[PDB]
Ligand SMILES: CCCCCCCCCCCCCCCCCC(=O)OC[C@H](COP(=O)([O-])OCC(O)COP(=O)([O-])OC[C@@H](COC(=O)CCCCCCCCCCCCCCCCC)OC(=O)CCCCCCCCCCCCCCCCC)OC(=O)CCCCCCCCCCCCCCCCC
Ligand SMILES: [Zn+2]
């Protein structure tokens, strides 16, 4: 046993092979970077720090609101029939 | 109504328009001849400008182009080494040559009467040189020595290292001299292959300036340059790929060579024919230059140049021995940046101050600074066109780059309409938030990180 043993420890041969693999000049996600660059978001909103900060505050204001609304809908669906507004009280 | 509002406002002096024309002709075999007559001269300069260099070497024989330079002065079939040297001396003429990455030049200076004999000598050594295998082995000792002296001129070494790391993936990154092992294993067959593939009629210009006649220079060239091969095309019309610019650093740390460090930084520039090339020339002059041991009559602490002023006032003592901006154009790309020398403990301050001045071009440069730079550029450029050699170099270099010579009046008209808002537009497009390459040598313990230099290309204020 080589694992954990100071008298024998060494990488097996299948780990030395993984270190020799090569993917030079390959990029499977390139079609994603092309789409982003074609929107010109960098030229109009991120290259200038004044505009970059406008983008931060504005997008954060709208995103935070949509995030809360969505989570409230999930909450109401999971808990259908258990919340107060779902079971009208009947008087005697 | 005040006399202070009736000053003489003459933008471009009339002398710019009353210049002698530069005459041009294309011969049947493809050689181009260009001449400008300057009557107030008794001498003249004639030469051959070729569109080849180290960039047109092969990876396996990088260095043959420079090797060929030396062999061109070692003998022909009709003249030997000794006979060539004596003929030039007996006329009092001069014969020089140099080789670069994209251009190679041969030129001579002599009296008018000796011009034909110069054209005969130039054509002979360029077309009929004997590349004796026995002489190729002797030169190997003179070139290996030059590789050691070049290693002593530090500025030249730094710019070569800057090309090596910036253009890793292109022949534009090759050195001119080439590796040692290539110089040791050089043969005459490697040199003949370079000649037959590069020295053709469509890549050569003959230019002259002085007491010169155009019709007579066109007839001498037609007679002595007839045995020049024409280009051969095998039905291949494929375009060349633009060199790729790698953002990277290559640093040689050495604490045993004194207290002075050397550094150079570079940006991707523009090619000769770019509509924005004139503006890059101006931006180079706004950053300018400075030497501590040769300020002149204007002390650096009170200079109009903001970059000089900030550098000289740093820590109340000054943070640079010298610095200078550069701009270099090629056929399909360019290189813009600066070089500097500085004390070990001053290196970080110096580099970041000059970077701050380039990034100011995109945000805050003033029209006072632009007009100061314009005036200096005009004094230097227009001043260097005095001798026949400088003029001939201007003719030949422009015929290869632009396909024509630009008249002085046209350059001044294009330079006049560039203001501060146009500088900001060009710098925002090319220099703001861009990749940089760095080369350095010496005591570099305090050198900034590459990423520090990369993020200094933009400001967070504004
Ligand atoms: C009830 C709770 C309420 C809490 C609210 C409190 C407030 C929270 C704030 C949150 C902010 C988050 C964003 C952080 C970004 C920081 C700015 C930036 O980008 O720096 C770039 C800056 C320069 O970038 P570069 O890459 O070197 O150069 C690029 C350009 O070439 C350079 O181009 P250039 O030359 O044009 O730029 C020069 C550079 C100038 O660069 C410099 O010379 C250095 C700048 C200083 C460092 C950056 C500021 C943050 C430092 C943190 C200090 C916190 C003290 C905590 C004390 C608490 C006491 C209770 O320009 C500036 O950035 C000027 C400053 C901008 C105006 C001020 C706005 C930023 C201030 C952020 C908050 C700090 C004050 C809070 C005080 C709290 C007191 C209670 O980077 C650095 O200096 C490197 C280190 C930066 C560390 C950042 C740490 C961030 C932490 C912020 C939280 C604050 C803690 C509050 C505690 C409250 C407890 C009660
Ligand atoms: Zn040489």
Going from the fewest other Cβ atoms within 10 Å to the most, one would list A:10, B:132, B:9, B:394 as B:9, A:10, B:132, B:394
If N is the residue count of segment B:34-97, its Cα Rg over 2.2 N^0.38 Å rounds to 1.50
If one compares the long axis through the Cα atoms of helix B:81-91 with the longest principal axis of the Cα atoms of chain B, the angle in degrees, nearest 10, works out at 70 degrees
Computed on Cα atoms, Rg of chain B relative to 2.2 N^0.38 Å comes out at 1.08
Note to self: C-alpha centroids of segment B:187-249 and segment B:124-174 sit apart, in Å, by 20 Å
If one compares the long axis through the Cα atoms of helix B:347-359 with the longest principal axis of the Cα atoms of chain B, the angle in degrees, nearest 10, works out at 90 degrees
Mean 1/r over distinct Cα pairs of segment B:309-360, inverted to a Kirkwood Rh in Å, yields 12.1 Å
Expressed to two decimals, segment B:365-443 has a Cα Rg over Rh, using the Kirkwood radius, of 1.07
Here, residue B:276 and residue B:85, labelled 7 Å along Cα→Cβ, have an inter-label distance in nm of 5.2 nm
Rounded to the nearest whole number, the Stokes-Einstein translational diffusion coefficient of segment B:268-338 at 37 °C and 0.692 mPa s (Kirkwood radius, C-alpha pairs) in µm²/s is 245 µm²/s
Relative contact order in percent for chain B (Cα pairs under 8 Å, 6+ apart) equals 21 percent
Segment B:1-69: relative contact order from alpha carbon pairs under 8 Å, six or more residues apart, as a whole percent, is 16 percent
Of all DSSP beta bridges with both partners in the protein assembly as shown, the antiparallel percent, nearest 5, is 85 percent
Cα-based Rg then Dmax for segment B:120-248, in Å, read 19.2, 53
CD proxy, 222 nm, chain B: helix-only mean residue ellipticity via -39,500 (n - 2.57) per DSSP H run with n ≥ 4, per residue, nearest 500, stands at -11500 deg cm²/dmol
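Would you mind giving the average projected area, over all directions, of the Cα convex hull of chain A in nm² with one decimal? Please list the in-between numbers first.
Values: hull surface 68.4 nm².
Here the figure is 17.1 nm², rounded to one decimal.
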Under the 7 Å Cα-to-Cβ spin-label approximation, residue B:120 and residue A:5 lie apart by a distance in nanometres of 9.0 nm
In degrees, nearest 10, the alpha-carbon axis of helix B:388-401 is tilted away from the dominant principal axis of the alpha carbons of chain B by 90 degrees
Counting every C-alpha pair in segment B:401-462, the percent lying more than 19 Å apart is 59 percent
Rounded to whole angstrom, the alpha-carbon centroid of segment B:370-444 lies from that of segment B:1-80 at a distance of 17 Å
The whole-number value in µm²/s of the Stokes-Einstein translational diffusion coefficient for the protein assembly as shown, with Rh from the Kirkwood sum over alpha carbon pairs at 25 °C and 0.890 mPa s, is 86 µm²/s
Between the modelled labels at residue B:404 and residue A:71 (7 Å from Cα along Cα→Cβ) the distance in nm is 6.8 nm
Diffusion coefficient in µm²/s returned for segment B:72-111 by Stokes-Einstein, Kirkwood Rh over C-alpha pairs, 25 °C and 0.890 mPa s, is 214 µm²/s
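Please note: Cβ atoms are built from the backbone with ideal geometry, for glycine as well, and neighbour counts cover all protein chains shown. Every number in this text was worked out from the coordinates using simple rules, so none of it is lab data.
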